[PDB]
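Asks: The structure's right below; bear with me while I get my questions together.
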Amino acid sequence: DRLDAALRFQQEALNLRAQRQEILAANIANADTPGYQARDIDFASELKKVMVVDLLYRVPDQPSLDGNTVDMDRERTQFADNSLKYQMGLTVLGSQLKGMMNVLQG
Amino acid sequence: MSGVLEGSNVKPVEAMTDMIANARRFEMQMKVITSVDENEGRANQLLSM
Numbered sequence: 003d004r005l006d007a008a009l010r011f012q013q014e015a016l017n018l019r020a021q022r023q024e025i026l027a028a029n030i031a032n033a034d035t036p037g038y039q040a041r042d043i044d045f046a047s048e049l050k051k052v053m054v083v084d085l086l087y088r089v090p091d092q093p094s095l096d097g098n099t100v101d102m103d104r105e106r107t108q109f110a111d112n113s114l115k116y117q118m119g120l121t122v123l124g125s126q127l128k129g130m131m132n133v134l135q136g
Numbered sequence: 202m203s204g205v206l207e208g209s210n211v212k213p214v215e216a217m218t219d220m221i222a223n224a225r226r227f228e229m230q231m232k233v234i235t236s237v238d239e240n241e242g243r244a245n246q247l248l249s250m
């Protein structure tokens, strides 16, 4: 359907933002697990792949003794950024749907 | 030598200096712990969108 092609990009971006949000929250929740590696996804490459998931390990900053590589500050900033981008995607998708609607209303 | 008993070799000057140093080090580490805890408490609000 042509309607899907117009809204495909924003829907895929929104779904990818939700998945990465879940991954970041999993990183936050498992901060205290000894031996847990902080995982993340490269948003742009996966968005290419879906439009046309694989988890990448985060490069550790400080060496802990229990093997936990989760850094609070980095993932807190990433979490806030992902929340903001999810809201922006919701706004853009809603604007596109509302425009398609006011075209029809009459 | 017979008729003499050997006592301990605990130097009291070293013990007193060790106690003073240990007390000061403990207080420094407690201060560092408090600073780190307060910093994390302030930092854990960013997550609010």
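Residue numbers (PDB author numbering), protein chains in the order written: chain U, 3 to 54, 83 to 136; chain q, 202 to 250. Quick reminder that beta carbons are idealized off the backbone N, C-alpha and C, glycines included.
In terms of residue numbering, what span does the alpha helix (DSSP H) encompassing q/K232 cover?
Replies: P213 to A244 is the extent of the alpha helix (DSSP H) around q/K232.
Asks: Would DSSP call U/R88 helix, strand or coil?
Replies: Note: U/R88 maps to coil in three-state DSSP.
Asks: Are U/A33 and U/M102 touching if we call contact CB-CB under 9 Å?
Replies: Against a cut-off of 9 Å, the Cβ pair of U/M102 and U/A33 comes out as a contact.
Asks: If we ignore side chains and look at the alpha-carbon of each, how far apart do U/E24 and U/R104 end up?
Replies: For U/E24 and U/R104, the distance between alpha carbons rounds to 16 Å.
Asks: Could you please give the first and the last residue of the uninterrupted alpha helix (DSSP H) stretch that includes U/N132?
Replies: Segment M102 to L134, the alpha helix (DSSP H) holding U/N132.
Asks: Determine, using beta carbons only, whether U/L114 comes closer than 9 Å to chain q.
Replies: Yes, because at least one Cβ of chain q sits closer than 9 Å to the Cβ of U/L114.
Asks: By the DSSP assignment, the alpha helix (DSSP H) with U/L26 in it spans what residues?
Replies: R4 to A31 is the span of the alpha helix (DSSP H), which, as asked, contains U/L26.
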